Amino acid sequence: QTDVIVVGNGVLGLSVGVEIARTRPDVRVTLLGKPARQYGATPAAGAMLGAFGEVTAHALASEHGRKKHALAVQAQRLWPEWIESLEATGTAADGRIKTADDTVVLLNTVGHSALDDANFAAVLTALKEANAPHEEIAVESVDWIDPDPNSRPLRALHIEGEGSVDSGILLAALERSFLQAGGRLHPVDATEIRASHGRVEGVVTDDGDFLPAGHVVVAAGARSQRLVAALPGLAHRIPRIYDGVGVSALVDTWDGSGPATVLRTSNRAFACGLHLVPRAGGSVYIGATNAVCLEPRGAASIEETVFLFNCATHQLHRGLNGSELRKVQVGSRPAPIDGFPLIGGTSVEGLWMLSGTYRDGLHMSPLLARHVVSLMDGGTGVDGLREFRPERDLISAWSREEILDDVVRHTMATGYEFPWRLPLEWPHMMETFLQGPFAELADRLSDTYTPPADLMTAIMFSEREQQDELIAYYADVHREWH
Amino acid sequence: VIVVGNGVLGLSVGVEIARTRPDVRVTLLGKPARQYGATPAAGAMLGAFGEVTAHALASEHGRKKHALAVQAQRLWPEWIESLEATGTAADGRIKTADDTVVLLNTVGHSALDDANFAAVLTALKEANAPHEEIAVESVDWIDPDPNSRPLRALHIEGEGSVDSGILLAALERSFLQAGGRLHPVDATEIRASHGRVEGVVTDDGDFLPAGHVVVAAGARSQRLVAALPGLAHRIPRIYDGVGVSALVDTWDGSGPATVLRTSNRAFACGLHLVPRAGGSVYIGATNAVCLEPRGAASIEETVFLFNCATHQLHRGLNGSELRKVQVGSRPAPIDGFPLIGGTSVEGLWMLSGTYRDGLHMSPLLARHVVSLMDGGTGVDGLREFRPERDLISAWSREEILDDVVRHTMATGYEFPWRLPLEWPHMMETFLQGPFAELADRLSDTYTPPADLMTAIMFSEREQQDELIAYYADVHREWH
Amino acid sequence: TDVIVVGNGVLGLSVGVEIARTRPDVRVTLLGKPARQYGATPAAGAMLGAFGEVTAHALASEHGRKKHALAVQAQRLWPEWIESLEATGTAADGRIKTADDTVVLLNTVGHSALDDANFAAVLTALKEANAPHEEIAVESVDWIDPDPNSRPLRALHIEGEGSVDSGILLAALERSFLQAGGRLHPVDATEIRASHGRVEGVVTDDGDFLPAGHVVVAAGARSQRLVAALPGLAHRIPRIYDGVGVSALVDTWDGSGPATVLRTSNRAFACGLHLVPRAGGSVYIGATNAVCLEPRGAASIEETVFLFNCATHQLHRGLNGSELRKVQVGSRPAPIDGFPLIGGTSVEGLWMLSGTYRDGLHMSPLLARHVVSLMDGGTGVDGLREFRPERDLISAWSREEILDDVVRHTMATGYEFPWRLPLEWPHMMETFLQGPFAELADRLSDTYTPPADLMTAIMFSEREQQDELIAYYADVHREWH
Amino acid sequence: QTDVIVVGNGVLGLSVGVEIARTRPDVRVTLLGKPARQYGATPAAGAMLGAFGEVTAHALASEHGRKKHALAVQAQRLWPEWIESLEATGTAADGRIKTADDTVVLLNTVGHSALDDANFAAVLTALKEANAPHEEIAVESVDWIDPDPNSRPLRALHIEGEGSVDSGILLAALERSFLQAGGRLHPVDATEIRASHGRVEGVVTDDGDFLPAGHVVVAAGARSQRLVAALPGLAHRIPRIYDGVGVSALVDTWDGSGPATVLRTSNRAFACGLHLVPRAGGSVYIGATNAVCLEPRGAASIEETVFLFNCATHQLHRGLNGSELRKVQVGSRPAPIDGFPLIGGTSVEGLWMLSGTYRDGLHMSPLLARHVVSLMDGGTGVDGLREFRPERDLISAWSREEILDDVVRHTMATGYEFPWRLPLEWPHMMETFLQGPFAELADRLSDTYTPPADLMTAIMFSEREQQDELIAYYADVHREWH
Ligand SMILES: Cc1cc2nc3c(=O)[nH]c(=O)nc-3n(C[C@H](O)[C@H](O)[C@H](O)COP(=O)(O)OP(=O)(O)OC[C@H]3O[C@@H](n4cnc5c(N)ncnc54)[C@H](O)[C@@H]3O)c2cc1C
Ligand SMILES: Cc1cc2nc3c(=O)[nH]c(=O)nc-3n(C[C@H](O)[C@H](O)[C@H](O)COP(=O)(O)OP(=O)(O)OC[C@H]3O[C@@H](n4cnc5c(N)ncnc54)[C@H](O)[C@@H]3O)c2cc1C
């Protein structure tokens with residue numbers, strides 16, 4: 001078989017589907033997944049084409065973080081022609097994929113100085129290093145915003161050509177473009193990848209059918225590693241992916257207005273963040289919470305909804321307070337256990353993975369699609385994706401000391417972002433008493449691996465049985481690679 | 001007989017007519033969407049003593065409404081038996097709790113919460129109702145923020161709750177079993193000539209003939225009848241008391257054994273948790289009088305409801321899964337009292353304007369209207385709440401002006417705000433003049449209750465002017 | 001026969017008055033300066049606190065129940081004691097008594113684990129004692145005008161539990177002491193002189209030597225440091241630390257004041273909120289408490305803000321616009337083992353009256369009469385024997401009880417602020433506080449556990465101060481076992 | 001007589017006393033006032049040598065405000081030689097008048113955007129227009145400060161050569177310098193100025209004595225107009241001066257440290273503000289509240305102490321929380337009813353006034369002293385100070401509309417500076433309901449005069465009898481000058 005099966009109907013599966021179908025007109029490409037898109041990250045996304053907006057001091061302090069950032073900057077260059085190529089298969093009445101061209105990053109004091117001040121400086125430095133067009137602007141010159149004065153920004157940064165897409169219109173344009181290129185949509189889920197003699201044979205679907213293929217591309221979001229891990233040896237050779245459960249909302253604004261740009265903060269405690277993405281027709285998207293969950297979750301918590309709404313109404317626009325809630329959206333960011341994506345080939349011939357993209361898979365989609373298609377055609381794809389090969393020992397991108405400093409800072413940031421009001425001795429007391437328990441957990445989990453802060457907090461507050469199972473997992477991975 | 005409306009009141013009267021007049025054809029109108037429907041957004045509490053306020057019981061009309069709530073409570077056990085009888089085990093149980101605990105905390109105005117707790121205690125003793133003031137430590141399940149915790153608690157025996165969804169299903173099933181016909185269209189127009197109902201034009205363009213039309217269309221009820229000659233200024237207006245509630249799957253699948261509630265709070269909102277089967281709880285409920293209907297929750301309503309429940313009832317709700325935000329319109333009568341009974345048009349009846357407690361009163365109200373339709377006198381104390389009336393003036397302008405300022409201040413204390421200590425007295429002083437000026441400008445004789453007065457204060461000048469005209473036309477009609 | 005009383009607070013002056021009145025055979029000299037450096041008494045309201053001072057934690061220990069019984073006994077002495085002190089003065093000297101009754105308020109600006117438990121404990125103690133009291137409607141509490149979000153929802157009227165003006169009390173004690181033939185010598189003791197196991201007298205800070213057959217040490221928080229210089233007494237007299245307390249005198253906006261004491265139960269680390277009536281359009285508001293390992297004679301910013309914020313929200317918003325006349329600071333003598341030091345020593349003629357913490361002023365007439373009885377060869381008051389100053393440290397609670405208490409009191413500092421936090425934070429803080437306090441308690445000593453008020457001070461002290469206390473506890477164990 | 005009596009022993013009386021004594025060695029100069037300095041502004045001052053730091057958008061929007069600012073810049077140039085001349089009369093052990101050379105202005109969000117953002121921009125503009133040395137600096141580069149992250153600054157401005165003096169050391173140096181120049185200190189208060197045939201005869205003192213003089217200089221702070229108003233016709237010809245009651249504190253810092261510069265915000269609601277002025281010997285000065293009172297007050301309110309302490313501990317240094325309170329200080333800023341100082345001569349020969357300087361008489365003192373001494377010697381003194389002659393119709397420096405906008409903004413700023421936490425609809429509700437009552441008060445007080453916002457709020461919350469007496473005062477002033 002020269003047949004291709006793409007497992008997954010999010011932005012990544014559809015993007016790779018479109019690129020395969022367009023580049024290999026001679027081959028059958030079939031894409032699996034259902035219109036419900038259960039736990040789907042893409043439909044819950046605003047979405048920001050986040051490159052410079054996603055910069056943190058912590059990410060850029062590591063070689064792996066600098067490599068991930070370079071790929072985000074490369075992906076941004078592909079978006080204008082990618083959108084042109086997808087809108088080309090449609091008409092005016094399909095709507096516009098692009099909802100804003102530019103982003104304003106706001107700096108307010110509703111957060112930790114150790115995150116927000118460090119991250120604002122890191123964004124400014126990254127923009128200058130990349131020769132990207134940008135301007136620090138007067139807050140008074142920021143269009144539309146009407147914050148609570150006690151929650152207001154005092155600095156603002158205009159990022160030119162860093163925009164947003166309507167994630168729903170993007171998915172519709174990708175499906176339309178996939179069909180135009182001769183792709184076939186089969187609305188079932190893969191249950192099992194079939195392989196023997198180190199080669200893919202095809203996919204068993206959840207209706208009990210078997211589909212043969214020479215190539216299987218796994219882009220099933222947070223389910224991607226669980227699907228591949230069933231193959232021989234791969235349980236401790238493919239890094240685990242967890243559910244980065246994210247809550248967002250669609251709001252009909254009081255007057256039908258919206259901002260001309262994305263409005264956002266830098267990434268905040270445990271990779272949450274505040275942003276507003278413009279939409280057509282008097283709607284705005286507000287996001288977005290983040291919680292790594294050891295099992296998937298398909299509903300928003302009360303706490304997530306209150307935090308998102310409170311941040312947006314105070315820090316962006318008080319008019320949102322009186323605005324109508326249209327939809328609370330929940331999706332799972334694929335959260336890799338070592339903090340880096342799983343992109344490329346396996347020890348199994350014709351088996352490819354595109355997953356573990358967490359906050360910025362949608363942004364990276366055109367670059368990731370082209371990378372995997374290049375590899376499938378015997379090329380080397382995009383330089384600097386090599387470290388993010390899916391079959392690997394867990395990456396250790398930071399020292400245990402760096403992660404322990406980070407997890408305590410992020411824990412304290414949950415207070416400052418609330419924002420809390422406490423006696424002034426309490427924060428220093430909590431900082432001192434948080435250090436020991438996180439140090440003890442990190443030392444107990446493994447002699448070699450340290451989970452990033454976002455996962456470490458989830459493990460700290462999980463059941464003893466869940467902690468013990470992860471100790472076993474890390475020990476089995478060490479055994480496999482050392 | 002045509003019943004217009006498929007909420008608790010329309011279906012309850014439909015069931016009572018169908019069961020009592022097997023010789024007559026009874027058709028009930030309304031759609032499964034139940035647009036703006038109050039009943040499906042209700043918990044619901046069978047609220048009698050829990051609904052007591054000092055302000056309500058200070059007026060004759062308020063004391064009359066309370067007496068009817070106490071009477072209605074006695075009908076519920078046999079009413080539920082009669083509705084469950086038409087179903088099987090798999091249909092679920094209408095009753096979700098037998099008892100209520102009222103909590104007193106300091107996340108509110110002393111001028112409402114302290115006065116209302118005393119009024120509830122007095123009303124229970126006056127009625128010889130079974131109840132006990134209990135230690136807060138003895139209230140099962142609750143886990144409040146210590147800064148938001150109750151310091152007093154009141155156990156009300158035999159004041160419980162129903163699943164409003166299971167009630168609606170049981171009413172529809174019981175209606176069909178009694179030979180009622182469900183026609184899933186809306187009435188557009190009531191047809192009448194020579195002072196008699198002819199029937200109803202539906203929104204599919206059809207005409208249904210009838211000798212009797214019962215209007216139970218919730219917040220749409222007066223707008224529907226007001227098109228008939230002279231009735232525009234003879235049937236009190238009904239507005240949308242937009243209410244937000246939520247269904248939450250609890251973190252551990254647990255729930256309280258009783259209703260948990262505060263007394264009624266600023267502008268007839270209030271905090272309660274109603275138990276549900278299957279690891280779900282109902283939390284409610286906000287209230288905002290809107291001059292035009294609204295079918296979606298505001299961000300502000302969702303945050304206030306969630307913040308109150310997580311702090312004052314159970315911090316575990318914070319980590320619990322949001323299943324559904326519900327929005328419905330409490331039918332809010334302009335004079336603060338229900339519209340129940342006959343009209344100057346033969347065969348035209350109304351059951352509406354029940355605001356917070358139509359669902360609780362439903363079996364009593366249904367039996368009252370059915371008695372009237374059969375030539376009886378129904379229930380003694382409902383006469384004052386006849387739908388064709390001059391607007392009731394249940395309070396002095398002075399009482400309402402004191403109340404609207406107190407309720408305005410209570411929106412601060414219920415938040416709860418943190419302000420410099422001179423600000424509250426400053427705001428109290430500067431609120432008095434503008435509300436006095438509005439009340440004096442609206443009418444020489446009528447004063448809207450606080451819940452509506454705040455909505456009018458913050459409405460457009462054109463909406464205020466239209467109400468000035470309405471009140472003047474009502475005065476002209478009745479005086 | 002010469003007697004020297006070292007200290008010019010309520011306890012020194014009360015014992016001075018009782019000796020001078022009772023012992024025509026003795027010349028009695030009282031030392032101490034009008035500045036009353038670190039003086040607890042002048043910073044006190046003061047409440048005649050017996051039932052108001054009840055906590056669940058105090059009454060859960062035998063030692064705590066014994067201390068409470070003595071407070072109830074002391075209350076009965078006050079009417080005749082005041083009569084006897086005012087008798088030596090005229091109308092123009094003012095009235096010692098400022099209120100007859102107390103209202104205890106319960107609000108939610110605090111930890112349920114302290115305030116709810118303590119309100120129940122006060123109610124139980126009143127009923128057990130058959131003391132006159134009534135739970136009253138909050139609406140019936142005169143004068144108060146709280147923030148609605150800080151308001152009480154329960155109130156308790158305690159009949160015959162009142163207050164005195166601490167300044168007028170001190171003036172009446174000095175005047176009564178002089179009338180009875182006592183001599184006031186306004187210098188400080190630097191050294192107690194003893195040889196052949198007997199007191200010889202006192203070296204004063206002007207370099208003089210005063211001979212005496214009897215020396216009574218009532219020098220507040222300085223009492224143990226003064227006696228500890230004598231042979232072996234460093235590990236035989238329990239340490240007394242400074243329970244630094246801040247209070248204020250406020251001239252009310254309209255010159256009004258409440259007719260009763262207004263108070264909460266005792267709150268985090270033995271602080272609490274109260275208003276004590278004063279004459280002439282003044283009110284006393286108090287009072288903060290922080291155990292300090294070294295003395296401190298000035299209020300911190302944090303103490304002033306906390307006291308003022310509590311009083312303006314929980315008692316009367318009118319205090320916000322009222323004039324601040326005086327911020328007062330004094331040291332409650334805080335015994336390391338949580339119980340007073342009252343009676344005789346292994347040194348003939350050496351006596352101690354100290355370590356009374358929150359309620360030495362209330363207990364003063366009873367404590368004074370006890371020590372004077374002992375000095376005259378009597379047995380004084382039954383059940384004050386257990387509080388003899390020369391003792392092994394008392395262990396009135398298990399390590400487990402104290403560790404539960406210190407975490408609860410730590411959390412209460414948050415709820416009393418009151419803080420506003422994400423709802424998961426309190427449980428997180430409770431979990432992460434347990435280990436560090438357990439580790440400290442285990443490191444300090446195998447046998448002794450400091451009470452919560454001192455344990456928090458030690459937790460946040462320098463490593464050198466912690467190490468010195470480890471050595472102290474080890475030297476005490478060595479001396480007594 | 002050619003004798004001079006200076007009435008008042010604050011910075012202005014002593015500064016003019018020193019200048020008279022030094023310039024007229026042939027004349028007897030006697031200075032009245034007691035060491036208690038009842039209601040004294042000077043001893044309660046930090047004090048900042050505030051020129052650019054005192055800039056507000058509102059002040060610089062009026063001609064009179066721009067004139068006052070020019071005089072502050074001129075006064076700054078005199079301080080170095082003035083201090084040299086005062087320290088010259090002392091020895092090393094008397095200590096140093098100057099406590100800092102430079103100022104950092106901080107911008108945080110614990111206040112109204114309508115004051116703090118507008119005022120920060122106005123300070124920056126005034127510095128650039130004056131070609132004054134200054135730099136916008138990174139907040140991370142501000143030494144010493146340790147704010148609550150939720151109360152932290154996000155912008156900071158370093159003003160070179162704008163410093164501070166120890167007000168206590170200044171007063172001691174002025175008294176010593178006055179004696180060195182042949183001045184006599186008489187520690188009694190003036191009760192009555194004696195004048196007949198349009199000429200001063202001298203002063204009756206509160207010990208019942210009479211002191212003859214050819215010249216009487218009234219520099220009695222907030223008591224200055226009440227003292228002169230007893231003379232014929234002067235009740236409606238000398239603008240009233242009220243008590244701008246100000247609370248400040250001396251704190252011994254936890255570690256004996258202090259900042260190297262003044263730390264301040266711009267002027268905030270009703271001319272209060274937050275600042276820390278360095279002192280020698282492990283002490284810092286924190287200030288300062290401001291409340292116009294229609295009668296003098298010599299004690300801090302609970303509210304004033306809490307607000308000052310809460311602002312300093314959160315916005316400047318959390319270490320102040322655990323620091324020892326040494327002294328709460330209270331003084332009366334002389335608050336002129338028309339918002340401008342009273343400096344120069346009267347219709348009574350030999351009668352002079354130096355008062356109504358509100359926030360910046362201490363800073364202006366060397367310039368004001370030299371101006372009045374020039375006038376007494378038949379000169380014209382300093383060009384722009386003629387407009388602030390004490391015998392005048394009330395100045396109307398702003399429209400009624402401007403003042404009504406200002407009073408509502410300042411009222412709302414008392415909320416944001418607290419900072420309050422309120423439902424988001426409440427601020428707009430309060431703004432709407434404040435407008436009518438202030439408009440009604442302004443219209444009722446006078447057809448021609450409008451009190452500035454600081455006084456208008458005091459009048460709004462005064463007794464009906466106090467409002468009626470001011471209506472009569474304004475009517476009598478109109479009658480006198482029209
Ligand atoms: C948030 C919330 C909480 C509540 N909680 C309680 C509680 O705890 N206890 C309690 O007793 N009650 C509660 N209630 C309800 C209260 O008692 C109401 O007064 C009562 O539900 C009114 O019922 P109704 O049948 O008159 O109106 P609805 O329940 O609104 O029913 C009217 C129906 O008529 C339909 N309709 C409208 N126009 C037409 C037309 N032209 N033709 C046909 N159909 C039409 C509507 O779509 C709707 O389904 C609550 C309500 C809300 C919103
Ligand atoms: C803020 C506050 C509030 C209080 N409120 C109350 C209350 O409501 N009710 C209550 O009953 N009690 C209250 N107290 C006081 C409490 O009861 C104390 O335990 C009691 O005052 C202790 O009295 P004392 O005489 O032992 O000590 P102090 O009152 O401290 O007297 C000791 C005196 O001895 C002097 N001295 C020290 N060293 C020497 C020396 N070497 N030579 C000579 N003299 C020396 C000191 O300068 C001082 O004047 C309060 C205390 C504080 C600080």
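First the proteins, then the strands, lettered A, B, ... as listed; each starts at 1. Atoms considered below: every heavy atom in the structure, side chains included; atoms not considered: hydrogens, waters and symmetry mates.
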Enquirer: Does a salt bridge link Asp163(B) with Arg276(B), judged by any charged N lying under 4.0 Å from a carboxylate O?
Expert: yes
Enquirer: Any side-chain to backbone donor/acceptor pair from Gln312(B) onto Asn105(B)? Under 3.5 Å, distance only.
Expert: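 Checked: no pair found.
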Enquirer: Salt bridge or not for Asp98(B) and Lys95(B), using N-O below 4.0 Å?
Expert: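 A salt bridge links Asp98(B) with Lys95(B).
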Enquirer: Would a distance-only check, ignoring hydrogens and angles, find a side-chain to backbone donor-acceptor pair under 3.5 Å from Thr96(B) to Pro275(B)?
Expert: yes
Enquirer: For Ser82(B) and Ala85(B), which heavy atoms make the closest approach, and how far apart are they?
Expert: O-CB, 3.7 Å
Enquirer: Could you check whether the rings of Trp141(B) and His314(B) sit parallel, tilted or perpendicular, using 30° and 60° as the cut-offs?
Expert: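 The rings of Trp141(B) and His314(B) sit tilted, inter-plane angle from 30° to 60°.
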Enquirer: Quick check against the 3.5 Å criterion: does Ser280(B) have a side-chain atom that pairs as donor or acceptor with the backbone of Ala277(B)?
Expert: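 Checked: no pair found.
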Enquirer: Carefully, step by step, assess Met45(B) and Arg261(B) under the rule side-chain contact (heavy atoms from CB on, under 4.5 Å).
Expert: CA-CA 9 Å; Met45(B) 301 184 289; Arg261(B) 72 171 297 167; 3.4 Å; yes
Enquirer: Look at atom CG of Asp380(B) and say whether more than 12 heavy atoms of other residues, nucleotides or ligands are closer to it than 6.0 Å.
Expert: no
Enquirer: In plain terms, say whether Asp240(B) and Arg330(B) are close enough for a salt bridge, that is, a side-chain N and a carboxylate O under 4.0 Å apart.
Expert: no
Enquirer: Assess whether side-chain contact (heavy atoms from CB on, under 4.5 Å) is satisfied between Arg34(B) and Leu168(B), documenting all intermediate values.
Expert: CA-CA 11 Å; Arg34(B) 290 190 162 92; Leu168(B) 280 170; 3.8 Å; yes
Enquirer: For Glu126(B), look at atom CD and say whether over 12 heavy atoms of other residues, nucleotides or ligands are found less than 6.0 Å away.
Expert: no
Enquirer: Walk me through it: do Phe175(B) and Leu182(B) pass the test side-chain contact (heavy atoms from CB on, under 4.5 Å)?
Expert: CA-CA 8 Å; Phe175(B) 184 61; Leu182(B) 295 170; 3.6 Å; yes
Enquirer: Are there over 12 heavy-atom neighbours, none belonging to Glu78(B), within less than 6.0 Å of that residue's CD?
Expert: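 At most 12 heavy atoms, drawn from other residues, nucleotides or ligands, come within 6.0 Å of this atom.
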Enquirer: Quick test of your reading of the model: are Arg63(B) and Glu384(B) salt-bridged, counting only N-O distances below 4.0 Å?
Expert: no
Enquirer: For the residue pair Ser301(A) and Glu321(B), confirm or rule out a side-chain donor-acceptor distance under 3.5 Å.
Expert: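 Side-chain D/A pair, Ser301(A) to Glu321(B): absent.
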Enquirer: Assign the ring pair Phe385(B) / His61(B) to parallel, tilted or perpendicular, where the plane angle (0 to 90°) is split at 30° and 60°.
Expert: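 Plane angle between 30° and 60°, so tilted.
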Enquirer: Hey, does the side chain of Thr39(B) reach the backbone of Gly7(B) with a donor-acceptor pair shorter than 3.5 angstrom?
Expert: no
Enquirer: Between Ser221(B) and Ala217(B) (side chain of the first, backbone of the second, donor and acceptor by atom type, cut-off under 3.5 Å), is there such a pair?
Expert: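 Side chain of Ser221(B) to backbone of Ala217(B), a donor-acceptor pair under 3.5 Å: yes, one is there.
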Enquirer: Crowded around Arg223(B) CZ? As in, over 12 foreign heavy atoms under 6.0 Å?
Expert: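 Atom CZ in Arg223(B) is crowded, with more than 12 foreign heavy atoms closer than 6.0 Å.
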Enquirer: Between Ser174(B) and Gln177(B), is any side-chain donor less than 3.5 angstrom from a side-chain acceptor?
Expert: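 Side chains of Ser174(B) and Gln177(B): no pair found under 3.5 Å.
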Enquirer: Kindly say whether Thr86(B) contributes a backbone atom to a donor-acceptor pair with the side chain of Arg173(B) at under 3.5 angstrom?
Expert: yes
Enquirer: Should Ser362(B) and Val13(B) count as side-chain neighbours, where that means a heavy-atom distance under 4.5 Å?
Expert: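 No; the side chains remain at least 4.5 Å from each other.
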Enquirer: Between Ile156(B) and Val101(B), is a side-chain contact (heavy atoms from CB on, under 4.5 Å) present by the stated rule, with each step listed?
Expert: CA-CA 6 Å; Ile156(B) 310 178; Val101(B) 175; over 6 Å; no
Enquirer: Would you indicate whether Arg297(A), at its atom CZ, is surrounded by more than 12 heavy atoms from other residues, nucleotides or ligands within a distance under 6.0 Å?
Expert: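 Result for CZ/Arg297(A): enclosed.
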Enquirer: Report yes if the side chains of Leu154(B) and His131(B) come closer than 4.5 Å at any heavy-atom pair, otherwise no.
Expert: yes
Enquirer: Assess whether a salt bridge exists between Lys31(B) and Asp203(B), defined as any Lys/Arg side-chain N lying under 4.0 Å from an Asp/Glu carboxylate O.
Expert: yes
Enquirer: State whether the side chain of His272(B) and the backbone N or O of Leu260(B) hold a donor-acceptor pair below 3.5 Å, judged by distance alone.
Expert: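 No; zero donor-acceptor contacts below 3.5 Å.
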Enquirer: Check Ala38(B) against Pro331(B) and note the closest heavy-atom contact, atom names and distance.
Expert: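 Looks like CB-CD, 4.4 Å.
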Enquirer: With a 6.0 Å cut-off (strictly less than), is the heavy-atom count around CG of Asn128(B), excluding the residue itself, greater than 12?
Expert: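 12 or below, so no.
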Enquirer: Kindly give the heavy-atom pair with the smallest separation between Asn6(B) and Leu11(B), and that separation in Å.
Expert: O-CD1, 3.4 Å
Enquirer: Evaluate the side-chain proximity of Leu273(B) to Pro256(B): yes if any heavy-atom separation is below 4.5 Å, no if none is.
Expert: yes
Enquirer: Say whether, by atom type as modelled, one donor and one acceptor occur between the side chain of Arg356(B) and the main chain of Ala268(B) under 3.5 angstrom.
Expert: yes
Enquirer: Can you give the donor-acceptor pairs under 3.5 Å from side chains of residues 332-343 of chain B to other protein atoms, not counting sequence neighbours?
Expert:
from: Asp335(B); atom 1: OD1; to: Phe337(B); atom 2: N; distance (Å): 3.4
from: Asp335(B); atom 1: OD1; to: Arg389(B); atom 2: NH2; distance (Å): 2.9
from: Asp335(B); atom 1: OD2; to: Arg389(B); atom 2: NE; distance (Å): 2.8
from: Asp335(B); atom 1: OD2; to: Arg389(B); atom 2: NH2; distance (Å): 3.3
from: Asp335(B); atom 1: OD2; to: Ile392(B); atom 2: N; distance (Å): 2.8

Enquirer: So, for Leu9(B) and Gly358(B), which heavy atoms are closest and what is the spacing to 0.1 Å?
Expert: CD2-O, 3.5 Å
Enquirer: For residues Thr27(B) and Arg181(B), is any side-chain donor paired with an opposing acceptor at under 3.5 Å?
Expert: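 Side chains of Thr27(B) and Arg181(B): pair found under 3.5 Å.
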Enquirer: Please enumerate all residues that pass ring-ring contact (aromatic ring centres under 6.0 Å, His included) together with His311(B), with sequence neighbours excluded.
Expert: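 With sequence neighbours excluded, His311(B) shows a ring-ring contact (aromatic ring centres under 6.0 Å, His included) to no residue whatsoever.
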Enquirer: Could you tell me whether a side-chain N or O of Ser320(B) sits under 3.5 Å from a main-chain N or O of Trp251(B), the two making a donor and an acceptor?
Expert: yes
Enquirer: Tell me yes or no: between the side chains of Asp99(B) and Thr258(B), is some donor less than 3.5 Å from an acceptor?
Expert: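 The criterion, which ignores hydrogens and geometry beyond distance, is not satisfied for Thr258(B) and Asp99(B).
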Enquirer: Could you check if a side-chain atom of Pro363(B) sits within less than 4.5 angstrom of a side-chain atom of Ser12(B), using non-hydrogen atoms only?
Expert: no
Enquirer: For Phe117(B), is the NZ or CZ atom of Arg152(B) found under 6.0 angstrom from the centre of its six-membered ring and inside 45 degrees of the ring axis?
Expert: no
Enquirer: How close do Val215(B) and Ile190(B) get, heavy atom to heavy atom, and via which atoms?
Expert: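 Looks like CG2-CD1, 3.6 Å.
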Enquirer: In the structure I gave you, are the side-chain heavy atoms of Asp374(B) and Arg21(B) within less than 4.5 Å of one another anywhere?
Expert: yes
Enquirer: Which of these, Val214(B), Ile235(B), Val369(B), sits in a side chain to side chain contact (heavy atoms under 4.5 Å, CB included) with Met350(B)?
Expert: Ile235(B)
Enquirer: Under 4.5 Å between any side-chain heavy atoms of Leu364(B) and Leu68(B), yes or no?
Expert: yes
Enquirer: Looking only at atom types and distance, does a side-chain atom of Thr286(B) sit under 3.5 Å from a main-chain N or O of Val244(B), one as donor and one as acceptor?
Expert: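 Yes; at least one donor-acceptor contact below 3.5 Å.
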Enquirer: For atom CZ of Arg326(A), decide whether the heavy atoms of other residues, nucleotides or ligands shown that lie under 6.0 angstrom number more than 12.
Expert: yes
